[PDB]
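Asker: PDB entry and its sequence, pasted below:
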Amino acid sequence: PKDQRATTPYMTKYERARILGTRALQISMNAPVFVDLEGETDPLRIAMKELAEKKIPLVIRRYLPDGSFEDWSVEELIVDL
Amino acid sequence: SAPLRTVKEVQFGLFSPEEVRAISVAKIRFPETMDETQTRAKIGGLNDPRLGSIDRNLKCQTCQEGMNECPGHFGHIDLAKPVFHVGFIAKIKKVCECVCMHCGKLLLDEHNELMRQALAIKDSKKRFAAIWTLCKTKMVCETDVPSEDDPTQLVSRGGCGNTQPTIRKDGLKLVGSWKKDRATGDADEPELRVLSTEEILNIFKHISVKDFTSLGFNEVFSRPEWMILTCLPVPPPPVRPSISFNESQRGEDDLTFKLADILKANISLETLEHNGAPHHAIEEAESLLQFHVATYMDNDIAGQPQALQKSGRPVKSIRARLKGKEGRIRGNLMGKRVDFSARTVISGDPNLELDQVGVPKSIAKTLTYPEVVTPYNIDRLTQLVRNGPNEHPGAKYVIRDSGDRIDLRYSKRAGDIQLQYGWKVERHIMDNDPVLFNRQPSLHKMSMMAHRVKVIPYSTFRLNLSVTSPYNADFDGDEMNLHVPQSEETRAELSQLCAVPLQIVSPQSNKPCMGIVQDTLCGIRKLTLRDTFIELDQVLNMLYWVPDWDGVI
Amino acid sequence: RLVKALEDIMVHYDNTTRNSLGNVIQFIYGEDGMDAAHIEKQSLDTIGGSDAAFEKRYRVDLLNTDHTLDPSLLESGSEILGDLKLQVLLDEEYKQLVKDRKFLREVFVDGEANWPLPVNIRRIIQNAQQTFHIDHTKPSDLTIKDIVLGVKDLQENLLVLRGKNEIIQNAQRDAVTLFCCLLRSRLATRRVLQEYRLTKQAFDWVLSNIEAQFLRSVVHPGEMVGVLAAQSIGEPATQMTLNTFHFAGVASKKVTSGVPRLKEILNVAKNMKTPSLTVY
Amino acid sequence: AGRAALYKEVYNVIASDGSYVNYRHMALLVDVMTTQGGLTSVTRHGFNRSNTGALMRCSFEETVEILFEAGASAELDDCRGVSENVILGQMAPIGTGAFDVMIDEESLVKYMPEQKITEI
Amino acid sequence: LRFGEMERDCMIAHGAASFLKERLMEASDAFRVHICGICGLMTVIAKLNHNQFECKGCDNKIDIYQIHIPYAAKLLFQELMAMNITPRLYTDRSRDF
Amino acid sequence: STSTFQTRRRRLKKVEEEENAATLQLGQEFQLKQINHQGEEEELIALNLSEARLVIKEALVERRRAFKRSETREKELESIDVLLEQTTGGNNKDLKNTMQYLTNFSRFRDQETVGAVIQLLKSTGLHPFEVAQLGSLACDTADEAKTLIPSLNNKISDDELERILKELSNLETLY
Amino acid sequence: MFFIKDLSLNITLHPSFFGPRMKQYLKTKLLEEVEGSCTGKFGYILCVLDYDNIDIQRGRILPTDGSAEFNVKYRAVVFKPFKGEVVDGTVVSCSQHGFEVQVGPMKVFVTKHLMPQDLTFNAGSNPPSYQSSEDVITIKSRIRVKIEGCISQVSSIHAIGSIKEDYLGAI
RNA sequence: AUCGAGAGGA
DNA sequence: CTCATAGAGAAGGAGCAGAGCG
DNA sequence: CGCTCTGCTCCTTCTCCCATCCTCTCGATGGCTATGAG
Ligand SMILES: [Mg+2]
Ligand SMILES: [Zn+2]
Ligand SMILES: [Zn+2]
Ligand SMILES: [Zn+2]
């Protein structure tokens, strides 16, 4: 589904958590970032920076009642839910 | 190299003796066990015929693997005689309410729309319940059966052309009572005799797939002959524990023992039939085997016929070993012991924050956490190494990238380490670590919380006094339930899960989970009285006191 | 037992509630999709209210002096007065409000005005008064259309759902009907002008804040309602001690209650040892 | 009518002298019991006696008693049970497991800017 | 420290299957098995450094899967073997939906 | 590796397929009418000897071109070795052998000629398999074709077999 | 004989993956697994079709760790012979046991019992040929072999066929 | 190790 | 010949009271 | 007009589960019967 993605355009705290944890993990795994390590050593704060900026290498698969799914990118989603 | 996968569809049913033999690791035929009777070994056809490993015996179907990531292997004892499985005896018994002998089908058919409506039941579990309800009236295997349309035309199908027998409870088996009992002086009262397993198998032999499936079941995964036990599994020692009490003693799975007894009993039967014996001698030995097996499998057999193991111990059957309540289902399946946990007595402390716990340094001394090496923390990590497992702000282990959990207690590396990115520095627990705390029992989220660490001298948990509200607690020796997260991701989640702000108000009634301390409240009431005024010097100290003070009097 | 009984209950992305069979238990979260965390019990000003009082509080007339508002209170009040079509503009919503009252007397025939609601205007207007430091001696810059047509738009803007089914839209419309009643009542034009003296800047500001919260009050999906509900009932259920007596009562006879009643209910035990009826 | 009336009494009598606790949710639970157009009894002959995942039903009350039928009818585990997956050491489709994070090829192209390092 | 069902219930209310699982297996269980997919049973001859893990009766050295399962779950399977009740643990969801 | 697409119906071992006979007894994997991983009915592409070379030649050039983004039979064999140096490093020797092999047995070395070959065979409604057998099979007479291919023996007239065959013979002279 | 099909390969992303050369690498990896692979299900992987335009789908996150899943689609052509299938092959080798024959990417067994009974090994006739009848067959010669079956090995496949027939024989 | 009974704690 | 040694429920069941064809 | 087949309704009978987590010591098995050496 392209413009057929009927779920909300907002990202939930659950999704947020998965994202944050994911990026924090990636930080601890020496992953590249969208926002540079500006002094701060804490991955959660580091992630928080690019998280706030929605600069996240990520898409979430939501699901339909028939088992299908929707493509919601981080940039697509509104970080307020 | 097997691909990493996840189970999506588990097909259930009963195992096929045929396939069982085909996949059998060993035939298993020895009525005895370990050391072949004092020879420092195991048994030719039991215990070691390519079966699972034991302590220091690599075996494991001669695939070694020690006994770490090493599953064992099952042998399979073919049975000379067929044994009725109890859980299916009851089912078969009910099935027999509609069974028609020699026709591969039942007493009822399509020649009656009402029967067709019973047949029209989608759920076969209900379908045959209705069939049982109906077929029990006039259970007669008529050879030719009148068609619904013009009954003068009869449809042949009653392969045994006679009345059908009824069933009565009789110990290990059931008694066949062949209907009869006809008008001519109660002619041939229901021919009484214990039902033959072979007779039942003859039924199974003639059962068609069409009708078998009209009764549900599963012609592939649940076939009627698999209700009869004709070959039994022989678990590897890990599954049917060998055991060793005190010092290198025995005490093994008594089912191995009882099974050997069953086999020995079978052997005496083998003799009774092979060399010859009274049919009653043969009868009883077999009756006993049905008995031994029934109780072997599940010792919950009709109360009275429930023998106690040779040391006066209610034979612990397969089911007994596998029961619930506690047993297995709750014993481990609904609750396992946690390696990163604690049970430590709590206490109050008015100086601490809601999520700042005064954590006993004695605990900090005993607990650690697997951090990883990054270029922006290496120096601090080498300080942990220099601190060793001695300092409370030190470390105990480091997993070297190769998978080596380095023990700093004995290592001289306190002054020497080549930390590369990602080594798991198992440091001591430090302040602010989001550790779980809880008070059981409870029927609400409030009670499980994640909080920041504040290490303390003296020990006991120094807690914000208001914590007792959401926990409905007190400080009466309550050994707080702790669980320490090992995942960084989880640590982040915990700030997003059990933070006080995220818990304090419950949508249940949408209420805050605590209020002002009763001493404080009354004091405040006094504080809010019209005559309440305060001295500057008192105020000054208060102004310092209050952390929110902006510097303005 | 109850934990297990209520275990399999959850919210899908489409916000329906269903079991593991997919059977839709409930086609909509708590019949509103709104988060209880953000719901509060408050009084609605049109459950009671005499016929006259209703009209006096809400009716506005450009020709009938009885409900004519102060022409200086509103910057353009003296201009608007006399223009019948704008009296009609107002009447559209007024007649709907009195119709709403006609409905409400049936909706909550028990006369209860105080109900758990997602929206609290009284708090909002407190915020607005403080936000702009409103000078209540000066004329307001709102127009009659800003108020009437603006609220019609506001009503239309309460987009809790994400779809295109006329039917679910209707469900949405019903869900906020109480709120549009409220807007027509608590915030009737003369209330806006006489009671609140709302400026346009404040008005506009408020509108943006209404939606902000409206959004924030929406329920998340993927929820295991079963345990959430089980805790919400079970925890207090244990606190609810005592059964058939020793907590006062009306009937002199003891009444099957507490867990005796619970149990026979839980296990469908139709054996009423205290089989009463109340016939009106 | 009886469903609603039951709830009516539930609230009036079962809740009764307590506190407000989401009457609609209370009502829902009543609806749950009767979604089939009948009424579930909280027992082995009611709640257990369903058409649902046997493993879940086993964790509720009975054991092999249930399994015997599963073997007889040759049931199959479709791996969609919430708690059942948990029992299997798997993650259930609830909360953190209710959605599947991904990085689509499409977005990976989006993640090929001057910060080419966002490509993976 | 024994895990309780209420602790589970909390994880359920939280949706914290993550933490649940790291305690469930990462800190208290898990076992690496080779299950022979073709029949859904662990009919696997353990040909470790050969990669020839023949499935007896299937003659299958290929359709075998690596699965990280609870040791207790391993036992459950084995119990079912002892119990004579089939559980063909297949990894393929043929049920479209 | 996959090569599945077709969903299963019986995961449990049953009969293990039918015998893989040349008499169009192709398996599900070699189903003449099936759907590929694009959701497109990709009928069994029973590739012929000479046209395989066209495909391979193109592929050798393809790989080389993709990399760039980042005549006698003997002359052709020389060119193949050059392409092998350009496209591999001793890997997929299966291909190395195949293309040298196909070159050695080429009968329709050029695409234009092959197009005509394809046209003749598919115009008669031959199964993809049967087309492949004839497109690759050199043949002096229909009796050879029928003996070597029984499915022609029991289905196709000799008039048509010979008509096409001698036209193919001419196309062989037209490599 | 050779069969083209749009196939797929499940490649899993792991934490080692962080840089800017996605499909570039994946194409290499794909070929490393796929090219030359040999299993009876399809025979021999002759060649992957369409090096570019690779459908890697996505990097679906696998939350158990820092891995992610890319099911990669591509076309490929394979070699597969059938019972009684007539093949213009060529000889690889020869001993007194018989011949080893090359067809495309596969080796084929053409033994002395699959060849005409009037033809026996003659070491005096080099390359170590069979030479006791008009069917003189040398290593350097070619051969029309009718594959009677496929003796699949684990790592490779050795088909088996014969030439003892009027329209079969050395080429 | 292992189960059984008893005492106690909240 | 002599010692030594190994309460409440569901479920089932039996009886008691009718319609219809030979 | 009377008797079979059938219908439901009554008592009789069997059988079931009974809170959550946690902490200790005292106890482990018992009286009876057949084969071979100096
Ligand atoms: Mg206490
Ligand atoms: Zn092993
Ligand atoms: Zn019959
Ligand atoms: Zn298998």
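Answerer: Cool, got the structure. Numbers count the residues shown, from 1 in each chain, chains lettered A, B, ... in the order given. Ligands and ions are numbered 1, 2, ... in the order given.

Asker: my guess is residue G:60 is in a helix, correct?
Answerer: No - Residue G:60 sits outside any helix when classified using DSSP: H, G, I helix; E, B strand; the rest coil, being strand.

Asker: How many residues are close by it?
Answerer: Residue G:60 has 19 neighbouring residues, counting by other Cβ atoms under 10 Å in any protein chain shown. Backbone N, C-alpha and C define where each C-beta goes, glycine included.

Asker: wait, it sits on residue A:58?
Answerer: No - Residue G:60 is not in contact with residue A:58 according to Cβ atoms under 8 Å; the separation is 11.0 Å.

Asker: Overlap of the contact sets of those two?
Answerer: Common contacts of residue G:60 and residue A:58 (Cβ atoms under 8 Å, 6 or more residues apart in numbering or on different chains): D:101, D:102, D:103.

Asker: of those residues, buried ones?
Answerer: Buried by 16 or more other Cβ atoms under 10 Å in any protein chain shown: D:101, D:102, D:103, out of the shared contacts of residue G:60 and residue A:58.

Asker: Grab the most central residue of chain G for me.
Answerer: residue G:44 (3.2 Å; Cα atoms, centre = their mean).

Asker: Just confirm residue B:375 is within a helix.
Answerer: No - counting by three-state DSSP, residue B:375 is not part of a helix but coil.

Asker: which residues touch it?
Answerer: Residue B:375 makes contact with residue B:421 under the criterion Cβ under 8 Å, 6+ apart.

Asker: Tell me which residues touch the residue of chain F found nearest DNA strand J, please.
Answerer: DNA strand J sits closest to residue F:12 of chain F, with a gap of 35.1 Å, by Cβ to the nearest atom of the strand. Neighbouring residues of residue F:12 by Cβ under 8 Å, 6+ apart: B:11, B:220, E:39, E:88.

Asker: which two of these lie the greatest distance from each other?
Answerer: Using Cβ to Cβ, the two most remote members of the contacts of residue F:12 are B:220 and E:39, lying 12.2 Å apart.

Asker: Between the two, which has more neighbouring residues?
Answerer: Counted by other Cβ under 10 Å, residue B:220 and residue E:39 do not tie: residue E:39 has more neighbours, with 24 against 15.

Asker: where does the closest residue to DNA strand I within chain A land in three-state SS?
Answerer: Minimum separation of chain A from DNA strand I (Cβ to the nearest atom of the strand) falls at residue A:65, amounting to 34.9 Å. Under three-state DSSP, residue A:65 falls in the coil class.

Asker: Now do the same contact list for it.
Answerer: Contacts of residue A:65 by Cβ under 8 Å, 6+ apart are C:12, C:13, C:14, C:16, C:22.

Asker: Whichever of these end up buried, select them in PyMOL.
Answerer: Here is the PyMOL selection string for the buried members of these, based on 16+ other Cβ under 10 Å:
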select buried, chain C and resi 12+13+14+16
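
Asker: any idea which of the contacts of residue A:65 is closest to residue B:43?
Answerer: Comparing these against residue B:43 with Cβ to Cβ picks out residue C:22 as the nearest, at 52.6 Å.

Asker: Help me confirm that the closest one is found in a strand?
Answerer: No - read with three-state DSSP, residue C:22 is coil and lies in no strand.

Asker: how far away is it from chain D?
Answerer: Distance of residue C:22 to chain D, given as Cβ to the nearest Cβ, to the nearest Å: 9 Å.

Asker: and what of residue F:17?
Answerer: Separation of residue F:17 from chain D (Cβ to the nearest Cβ) stands at 25 Å.

Asker: What sits closest to that residue if chain neighbours are left out?
Answerer: Distances taken as Cβ to Cβ, 6 or more residues apart in numbering or on different chains place residue F:27 nearest to residue F:17, at 5.2 Å, with adjacent residues excluded.
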